[PDB]
Trainee: 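Here it is, the structure in full.
Below, chain A is the first sequence line, B the second, and so on; all start at residue 1.
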Number of protein chains: 6
Amino acid sequence: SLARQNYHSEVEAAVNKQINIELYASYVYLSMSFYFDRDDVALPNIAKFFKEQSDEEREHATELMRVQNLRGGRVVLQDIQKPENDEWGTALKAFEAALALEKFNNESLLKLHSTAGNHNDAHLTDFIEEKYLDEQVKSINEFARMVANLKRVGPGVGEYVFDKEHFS
Amino acid sequence: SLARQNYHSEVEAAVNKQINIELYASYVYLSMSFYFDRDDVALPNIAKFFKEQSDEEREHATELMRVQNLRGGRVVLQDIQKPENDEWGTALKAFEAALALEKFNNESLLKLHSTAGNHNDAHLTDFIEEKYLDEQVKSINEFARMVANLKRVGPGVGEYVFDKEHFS
Amino acid sequence: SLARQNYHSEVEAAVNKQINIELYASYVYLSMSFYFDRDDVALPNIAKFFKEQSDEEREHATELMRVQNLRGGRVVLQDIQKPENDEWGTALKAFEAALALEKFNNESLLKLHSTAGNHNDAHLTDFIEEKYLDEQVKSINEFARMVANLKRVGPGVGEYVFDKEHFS
Amino acid sequence: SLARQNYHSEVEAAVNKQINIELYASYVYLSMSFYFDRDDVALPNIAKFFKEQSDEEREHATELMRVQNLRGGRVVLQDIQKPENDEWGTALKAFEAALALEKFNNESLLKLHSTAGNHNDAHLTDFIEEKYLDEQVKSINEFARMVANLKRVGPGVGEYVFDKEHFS
Amino acid sequence: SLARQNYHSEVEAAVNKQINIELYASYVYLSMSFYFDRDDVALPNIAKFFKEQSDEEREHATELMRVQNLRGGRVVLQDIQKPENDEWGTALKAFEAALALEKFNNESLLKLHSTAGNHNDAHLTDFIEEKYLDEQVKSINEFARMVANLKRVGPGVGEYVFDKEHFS
Amino acid sequence: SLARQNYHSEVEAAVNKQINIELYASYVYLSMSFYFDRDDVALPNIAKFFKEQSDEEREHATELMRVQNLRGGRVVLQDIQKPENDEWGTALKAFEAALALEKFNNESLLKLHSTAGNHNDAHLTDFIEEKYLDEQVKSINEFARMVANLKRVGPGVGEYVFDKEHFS
Ligand SMILES: [Fe+3]
Ligand SMILES: [Fe+3]
Ligand SMILES: [Fe+3]
Ligand SMILES: [Fe+3]
Ligand SMILES: [Fe+3]
Ligand SMILES: [Fe+3]
């Protein structure tokens, strides 16, 4: 690359690892979205919410691919593993699993930021701080509030009222 | 008929049978609609929904009459039997009976499609596949989702919330 | 019913009888509408007219069901008999049979009004007078004028001119 | 062709045969259109109708040429034979000859559909069913209704009234 | 499932297999899109085209998941394999590999249609014919035309002119 | 014909001959249009141009039929011969063959004008001069300019640039 400058190989490898992590999270959210679309579950606003989350994680992966091309590195793709479960239980269990996934993703992003800071890469630490860390903190807070409200309303008619009211 | 071509008599008889089946389904949905309009039941959005379903089944019967005239056959009408019940119980029992009626209608439509396929009638198999089979699959899925939500919300205030929220 | 007041059982039975009469008239007009849609008859404006008449008779039956629920009675449905003929001859014969059907319906409505008057039911006699008797008189007059014009124009080109001009 | 897949040579030959049949039908309708434009016949709306029918048959032939190029086959054109008659008699005789031509075309289309079904060509059977069979059934029904109305109105002033009224 | 009717398990397994095939094709097109985004390749309209193709294949996979839920089956997801190459050579080699991928996908779709036809599943054969087969034929034709034009213009300034002109 | 005046039979026969010549030219241009639509040729603007030329030649033939009916003659149609080639080579060879066809048509039109002038038919010589001769001269000039530009740009990328630029 004629454009490559102050971009070490360890940082390039860590960016490729984060790309695979974002693609796996997108595929997990797609699985959850079509679990709540089943005819014996039938909570359509929750399914639409998880479909939007899947699209957002795919956008995160493509923006990391774009900055990898911008700095003069090379994108190397790996296999995307299938999700851990085919069915996700009640709505409370699914939102708790989603919260755990968001926290795992936040820990991976902080490790990537630490590697880029150790190799004195100012542009990439600023990129990560501007586009990923604040969005991840807000996503974790949103899922924690939804878990608290699902614990409040309880099963049955509270779950129906939550599906009708929380996403409009 | 000057227009009749590749239209056997068995297919004509099966089309007349399907016309009577659609008219019976319309009259059953009219009975359900005015059961939920009673002053001691008083669920108006469910009653409006079943009135719309009755109008839709009448439209299905008239479109079958129109294609019978289009192919050069002759419409032969029979008696329309009264519905099996005068009162339909709770909302869950009524929607379960409606789901069973939709599945019976789907089985009759598949038998008509099989007869038209056995007599090498390409236009009528394409007509049935385009206008009836996909609509019937979507109707069965809609009634199954409504049965699942009525099992979720339970009786009483859940039934009131279902009547207020599900059809708007 | 908590709402029932000054509504005797004989009046309720007569209202159910009138409901079945209106549904039978709707099904007769549907048969006439699809007779004139045949490819060897081919008078489309007459067929559209009889389709509108069928929809109107269905509306009459549903309004009687609504007032039965309003007064606190219970709707009891019966079988709908098939029409007397499959084919209706010339246009003059069909309009004469339609005129005879309208006069039969008017005689049934007058008998219902007489029963409600004998049982001192002021609301139902006023309902019948405001919604059914004047409309029935106007319908009989319209069919008599159409029979007179069909006798005037004669068969053939007069029938074609009648179909093109009378309903626009 | 780099695009050819699951497209046998017998199906290609049958598509070329159907192209020639549609072009012949277009040229027959052009002959009828300019017969009714003569100064001793002078029925202008019938002539305009047959001109539109000629344009429609030319569109059918060009859409078959387009799907032949789409599947990777090669278009092979043949001579277009002249129509059987120079003059077409009365309006009733011309519309009866047009009805016979439409039924011949429908029989050829059903034979093409049968060949494509015997060679397990799913895309072409769906193409024929979607774009040609229903349109052909509707065209045959339209010509049969016009023959019935021309028999009704008779010669002379009925023919003039038919030309003035039926196409507006 | 309360909605499942005339839906055998072999057809369900074949639908899950086709879902995995569409997801793999989407990931291959994403790899091609970010190959042409590199700073030493720099053909931006080709990269935008392959990004749109990746989004379209993802939409195909989600519509198959939706019809699997509609018929009462259960979605079972598998691993998505990484693409065969990291870099795709010249533009002609990349479009030839894309054409081969589209033809492989068409062969898989025809096998799925054959299985659904062997198990007498009328709704699913009509669904596949309406939504997938014609689109696949048009996609194969589009890629074959692009391969022919890339062979015509040659390398260098012809490749630049192709990137500037073909997608606007 | 009541309208025929100063219209000899030789002029009528020459008009019928010119009608057949225009229809043959239309069918040749249709063959060229679908040659350039092939997936291994793929020059879409040239194909659209030849489709428009085919429609224009059909309009020329129908206007000659109209003036034949206007003067009180009778249209007599003949067979339309198939074109000389199924495939037309490069773009330069196809445009050279089109130029030769236009010059043949111009020679036939001048012979028709000479016959009408020899029989002292003032209206038809004015008709031919106003509607056919100037249009034919402009068409020959347009095809000669396109042959000169196709010789200028050469094969390959020049042919691609010609297809992209010359018709917009
Ligand atoms: Fe993310
Ligand atoms: Fe129905
Ligand atoms: Fe009435
Ligand atoms: Fe046609
Ligand atoms: Fe796809
Ligand atoms: Fe010309």
Side-chain angles (χ1 to χ4, degrees), chain B residues 2, chain D residues 16-62 64-65 77-109 136 139-140 142-144 146-147 150, chain F residues 1 12-28 30-31 54-55 57-70 72-83:
Chain B
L2 299 180
Chain D
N16 284 328
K17 187 180 291 293
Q18 195 58 41
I19 286 169
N20 194 252
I21 287 171
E22 304 293 330
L23 289 167
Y24 174 76
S26 179
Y27 189 59
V28 168
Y29 285 142
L30 190 66
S31 170
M32 285 181 183
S33 178
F34 277 100
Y35 171 73
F36 283 100
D37 199 56
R38 280 164 48 159
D39 67 86
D40 57 332
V41 177
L43 298 165
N45 294 120
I46 293 176
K48 180 178 173 62
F49 169 79
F50 278 123
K51 189 58 167 64
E52 293 166 355
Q53 292 297 299
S54 177
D55 295 350
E56 282 180 26
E57 298 298 318
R58 190 163 182 264
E59 280 315 290
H60 294 171
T62 61
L64 279 167
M65 294 175 188
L77 302 172
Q78 303 292 145
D79 293 340
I80 311 173
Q81 307 289 138
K82 69 188 188 79
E84 281 303 318
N85 299 128
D86 281 319
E87 42 190 42
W88 300 93
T90 62
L92 178 56
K93 299 296 293 296
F95 275 89
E96 282 169 347
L99 175 61
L101 182 66
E102 292 294 320
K103 288 165 80 77
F104 177 82
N105 193 14
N106 193 41
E107 183 204 20
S108 309
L109 275 172
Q136 198 64 39
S139 185
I140 290 168
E142 179 189 35
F143 275 106
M146 281 185 293
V147 164
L150 280 162
Chain F
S1 178
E12 187 183 10
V15 166
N16 284 328
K17 187 180 291 293
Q18 195 58 41
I19 286 169
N20 194 252
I21 287 171
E22 304 293 329
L23 289 167
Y24 174 76
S26 179
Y27 189 59
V28 168
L30 190 66
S31 170
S54 177
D55 295 350
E57 298 298 318
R58 190 163 182 264
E59 280 315 290
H60 294 171
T62 61
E63 289 309 300
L64 279 167
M65 294 175 189
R66 195 175 322 276
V67 71
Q68 179 87 277
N69 267 349
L70 195 74
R74 295 297 166 246
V75 177
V76 179
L77 302 172
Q78 303 292 145
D79 289 349
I80 310 173
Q81 307 290 138
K82 69 188 188 79

Trainee: What's the separation between atom CE in D:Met146 and atom CD1 in D:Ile46, rounded to the nearest 0.5 Å?
Mentor: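 So the gap between those two atoms works out to 9.5 Å.
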Trainee: Can you tell me how far CD of D:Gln78 sits from CG of D:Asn16, rounded to the nearest 0.5 angstrom?
Mentor: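 That separation rounds to 8.0 Å.
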Trainee: Between F:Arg74 and F:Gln68, is there a side-chain heavy-atom distance shorter than 4.5 Å?
Mentor: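 Result no, sub-4.5 Å side-chain heavy-atom pair not found.
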Trainee: For the side chain of D:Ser26 and the backbone of D:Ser54, is there at least one donor-acceptor N/O pair under 3.5 Å apart?
Mentor: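 Pair found, side chain donor or acceptor close to backbone of D:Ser54.
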Trainee: Nearest 0.5 Å, what's the CD1-CG distance between D:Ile19 and D:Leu64?
Mentor: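 Nearest 0.5 Å value for the CD1-CG distance: 5.5 Å.
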Trainee: Using the salt bridge (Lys or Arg N to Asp or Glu O under 4.0 Å) criterion, which residues pair with F:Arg66? Sequence neighbours excluded.
Mentor: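 For F:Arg66 the salt bridge (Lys or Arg N to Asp or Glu O under 4.0 Å) partners, ignoring immediate neighbours, are F:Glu63.
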Trainee: Could you grab the distance from atom CG of D:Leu43 to atom CZ of D:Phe50, nearest 0.5 Å is fine?
Mentor: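 So the CG of D:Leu43 and the CZ of D:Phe50 are separated by 10.5 Å.
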Trainee: In Å, rounded to the nearest 0.5 Å, how long is the span from CD1 of D:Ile80 to CG of F:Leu23?
Mentor: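 Taking CD1 in D:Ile80 and CG in F:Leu23, the distance rounds to 8.5 Å.
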Trainee: Side chains of F:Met65 and F:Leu77: closer than 4.5 Å at any heavy-atom pair?
Mentor: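 SC-SC contact between F:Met65 and F:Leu77 confirmed.
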Trainee: Within this structure, what is the OH-NZ distance for the pair F:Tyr27 and F:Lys82, rounded to the nearest 0.5 Å?
Mentor: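 Between F:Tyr27 OH and F:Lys82 NZ, I get 9.0 Å after rounding to 0.5 Å.
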Trainee: Which residues pass the side chain to side chain donor-acceptor pair (under 3.5 Å) test with F:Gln18, sequence neighbours left out?
Mentor: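 So F:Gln18 forms a side chain to side chain donor-acceptor pair (under 3.5 Å) with F:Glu22, F:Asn105.
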Trainee: Show me, pair by pair, the donor-acceptor contacts under 3.5 angstrom made by side chains of residues 83-103 of chain D, not counting sequence neighbours?
Mentor:
residue, atom, partner, partner atom, Å
D:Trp88, NE1, D:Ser31, OG, 3.2
D:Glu102, OE1, D:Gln136, NE2, 2.6
D:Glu102, OE1, D:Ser139, OG, 3.1
D:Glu102, OE2, D:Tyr29, OH, 2.4
D:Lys103, NZ, B:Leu2, O, 3.2
D:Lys103, NZ, B:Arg4, O, 3.4

Trainee: Apply side chain to side chain donor-acceptor pair (under 3.5 Å) to D:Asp79 and list each qualifying residue two or more places apart in sequence or on a separate chain.
Mentor: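 Residues passing side chain to side chain donor-acceptor pair (under 3.5 Å) with D:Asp79: none at all.
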Trainee: Taking only residues two or more places apart in sequence, or in another chain, which ones meet F:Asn20 in a side chain to side chain donor-acceptor pair (under 3.5 Å)?
Mentor: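 F:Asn20 satisfies side chain to side chain donor-acceptor pair (under 3.5 Å) with no residue once adjacent residues are dropped.
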Trainee: Is any side-chain heavy atom of F:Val75 less than 4.5 Å from a side-chain heavy atom of D:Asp37?
Mentor: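 Side chain of F:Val75 against side chain of D:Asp37, heavy atoms only: no contact under 4.5 Å found.
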Trainee: What are the two closest heavy atoms between D:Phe49 and D:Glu142, and how far apart are they?
Mentor: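 In terms of heavy atoms, the two residues are closest at CE1-OE2, 4.1 Å.
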Trainee: Can you list every salt bridge (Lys or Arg N to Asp or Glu O under 4.0 Å) pair that touches residues 45-56 of chain D, not counting sequence neighbours?
Mentor: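 For residues 45-56 of chain D, and leaving out neighbouring residues, the salt bridge (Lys or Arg N to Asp or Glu O under 4.0 Å) pairs sorted by first residue read D:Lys48-D:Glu52, D:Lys51-D:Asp55, D:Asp55-F:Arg58.
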